[PDB]
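Naming convention: chains lettered A, B, ... in sequence-line order (proteins, then strands); numbering from 1 in each chain. Just the heavy atoms: all of them, side chains too, but no hydrogens, waters or symmetry mates, feed the values below.
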There are 2 protein chains.
Amino acid sequence: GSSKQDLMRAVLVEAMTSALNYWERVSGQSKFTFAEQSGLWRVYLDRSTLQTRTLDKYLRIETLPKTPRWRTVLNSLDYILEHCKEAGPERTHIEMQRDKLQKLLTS
Amino acid sequence: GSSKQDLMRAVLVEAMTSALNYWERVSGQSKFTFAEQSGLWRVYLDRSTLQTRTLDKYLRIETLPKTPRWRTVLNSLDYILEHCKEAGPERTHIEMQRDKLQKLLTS
């Protein structure tokens, strides 16, 4: 129902933002670099500056697309966890949010 | 010194035992299957029965070899975490023990 759909969207934003913050700290690379190196998100020239325009929409519930690319988000969480291994609460939180999303998508 | 060497051996046994218990529960497969499918540990015919004779020595501090194969143990932890994703305290403990071993080996 509407509650499950809104929960999925809230978890997707939490998971993506958490994963990017972890990527930035552990890899020492930018959000731009995650998109460019993984090939999972496109780079655009906006306001005369390179931007991960679509990825950026997934970092706030207000801008999340009407049709989220759930598999691309799960591939993003997997890519970040594949390249960033530092064990700890921050990583555990991303793993837990990944499992939550997967269970919501398959229930 | 002796303290660091004994700590490394104690952490190796904790990590291996933890990882195998997690593999068995999450994969629903045996220790034998972890060895056979990964190819990381040999199978032997002892007492007329198939056994992971060398791997078994890593599950008790009393039997741990004088010369542990540290890389084979780290490859074992990586293989189990690659195939078993269930997020939770049990998985976090294995990740934490893996990081502890790596830091001891590089300090």
Side-chain angles (χ1 to χ4, degrees), chain A residues 11 15 19 22 26 74-75 77-107, chain B residues 5-106:
Chain A
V11 173
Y22 180 74
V26 176
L74 289 172
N75 290 341
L77 305 181
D78 290 347
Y79 183 94
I80 291 168
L81 290 171
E82 178 67 23
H83 293 275
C84 303
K85 297 304 190 188
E86 181 182 313
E90 190 175 4
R91 195 177 202 271
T92 296
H93 175 73
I94 296 159
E95 299 181 42
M96 293 287 290
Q97 294 285 303
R98 171 176 60 180
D99 282 8
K100 188 181 184 63
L101 284 172
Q102 291 172 343
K103 292 181 184 178
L104 288 166
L105 284 163
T106 60
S107 60
Chain B
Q5 297 300 317
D6 286 340
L7 174 61
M8 289 168 50
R9 293 172 68 81
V11 173
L12 199 69
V13 170
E14 177 63 19
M16 284 302 288
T17 60
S18 293
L20 279 171
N21 296 342
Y22 180 74
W23 164 267
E24 293 164 1
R25 184 180 64 78
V26 176
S27 77
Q29 304 285 11
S30 63
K31 168 185 62 185
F32 172 93
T33 296
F34 156 68
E36 181 60 39
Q37 201 67 20
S38 72
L40 290 170
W41 303 90
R42 291 194 63 186
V43 165
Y44 295 91
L45 275 163
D46 303 332
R47 196 179 185 273
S48 183
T49 303
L50 294 183
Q51 304 290 352
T52 54
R53 191 179 63 191
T54 308
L55 172 59
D56 293 353
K57 295 180 180 181
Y58 285 72
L59 307 183
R60 298 180 70 247
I61 195 62
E62 293 81 359
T63 56
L64 182 67
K66 178 177 60 60
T67 302
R69 295 187 179 267
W70 304 96
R71 298 192 307 168
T72 298
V73 169
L74 289 172
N75 290 341
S76 297
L77 305 181
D78 290 347
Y79 183 94
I80 291 168
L81 290 171
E82 178 67 23
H83 293 275
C84 303
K85 297 304 190 188
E86 181 182 313
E90 190 175 4
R91 195 177 202 271
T92 296
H93 175 73
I94 296 159
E95 299 181 42
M96 293 287 290
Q97 294 285 303
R98 171 176 60 180
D99 282 8
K100 188 181 184 63
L101 284 172
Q102 291 172 343
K103 292 181 184 178
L104 288 166
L105 284 163
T106 60

Mind checking what makes side chain to side chain contact (heavy atoms under 4.5 Å, CB included) contact with B:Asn75, not counting sequence neighbours? B:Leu40
Which side-chain hydrogen bond (donor to acceptor under 3.5 Å, both in side chains) pairs, counting each pair once, include a residue from residues 60-73 of chain B, with sequence neighbours left out? none
Can you list the steps and then say if B:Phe34 with B:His83 is a side chain to side chain contact (heavy atoms under 4.5 Å, CB included)? CA-CA 10 Å; B:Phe34 156 68; B:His83 293 275; over 6 Å; no
Hey, could you give me the CG/NZ distance between B:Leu59 and B:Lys31, rounded to the nearest 0.5 Å? 5.5 Å
Could you list all the salt bridge (charged side-chain N to carboxylate O under 4.0 Å, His left out) pairs where at least one residue sits in residues 73-87 of chain B, not counting sequence neighbours? B:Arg25-B:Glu86, B:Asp78-B:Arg98
So which pairs with a foot in residues 41-51 of chain B pass side-chain hydrogen bond (donor to acceptor under 3.5 Å, both in side chains), sequence neighbours left out? B:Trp41-B:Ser76
Just so I know, are the side chains of B:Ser30 and B:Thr33 near enough to count as touching, which here means a heavy-atom distance under 4.5 Å? yes
Shortest non-hydrogen contact from B:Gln29 to B:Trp23? O-NE1, 3.7 Å
Out of the candidates B:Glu95, B:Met16, B:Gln97, only one should pair with B:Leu77 under the side-chain contact (heavy atoms from CB on, under 4.5 Å) rule; please name it. B:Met16
Scan the side chains in residues 5-14 of chain B for donor-acceptor partners under 3.5 Å anywhere in the protein, sequence neighbours excluded, and list what turns up.
| unit_1 | atom_1 | unit_2 | atom_2 | d |
| --- | --- | --- | --- | --- |
| B:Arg9 | NH1 | B:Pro65 | O | 2.9 |
| B:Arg9 | NH2 | B:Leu64 | O | 3.0 |
| B:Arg9 | NH2 | B:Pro65 | O | 3.2 |
| B:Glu14 | OE2 | B:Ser18 | OG | 3.2 |
| B:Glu14 | OE2 | B:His93 | NE2 | 2.7 |

Atom of B:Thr52, atom of B:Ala35 and distance for their closest heavy-atom approach: CG2-CB, 3.5 Å
Report, one line per pair, each donor and acceptor closer than 3.5 Å where one atom sits in a side chain of residues 99-107 of chain A; sequence neighbours left out.
| unit_1 | atom_1 | unit_2 | atom_2 | d |
| --- | --- | --- | --- | --- |
| A:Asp99 | OD2 | B:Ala87 | N | 2.8 |
| A:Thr106 | OG1 | A:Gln102 | O | 3.0 |
| A:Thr106 | OG1 | A:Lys103 | O | 3.4 |
| A:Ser107 | OG | A:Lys4 | NZ | 2.5 |
| A:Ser107 | OG | A:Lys103 | O | 3.2 |
| A:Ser107 | OG | A:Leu104 | O | 3.1 |

When you measure from the side chain of B:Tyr22 to the backbone N and O of B:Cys84, does any donor-acceptor pair fall under 3.5 Å? yes
